[PDB]
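Structure, as structure tokens:
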Amino acid sequence: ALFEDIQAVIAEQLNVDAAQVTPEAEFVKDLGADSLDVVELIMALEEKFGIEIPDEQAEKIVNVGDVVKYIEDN
Numbered sequence: 002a003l004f005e006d007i008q009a010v011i012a013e014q015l016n017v018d019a020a021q022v023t024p025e026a027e028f029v030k031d032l033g034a035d036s037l038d039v040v041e042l043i044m045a046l047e048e049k050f051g052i053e054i055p056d057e058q059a060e061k062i063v064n065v066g067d068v069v070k071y072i073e074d075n
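Under PDB author numbering, think of the first position of the sequence shown as 2, with each following residue one higher.
See the structure below:
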């Protein structure tokens, strides 16, 4: 599933437990990331899923739902 997949990349990149990584969970406030962490995370995801995330979109991405709903919509 695309969720378990991305959730995996998120949990390993941000060194947190999978159970934390929920659609509602925020990269910064909830998962302890800093802005640069999300930049690295996004690049690893673009790599993994071979899809480009235009900057306008990347800056709109606040939670794990935002990132998932993008990848699968694209």
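All C-beta atoms, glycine included, are put in the ideal place defined by N, C-alpha and C.
In the three-state reduction of the DSSP assignment, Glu27 falls in the strand class, which pools E and B. The stretch 12-27 makes no contact with the stretch 54-62: fewer than 3 CB pairs, one atom from each, lie closer than 8 Å.
Nearest in C-alpha terms to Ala26, of all of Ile43, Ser36, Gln8 and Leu37, is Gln8.
The beta carbons of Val69 and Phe4 sit closer together than 8 Å. Distance from the CA of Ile72 to the CA of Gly33, rounded to the nearest whole angstrom, comes to 22 Å.
The shortest CA-to-CA distance from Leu42 to any of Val65, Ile11 and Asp31 is the one to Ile11.
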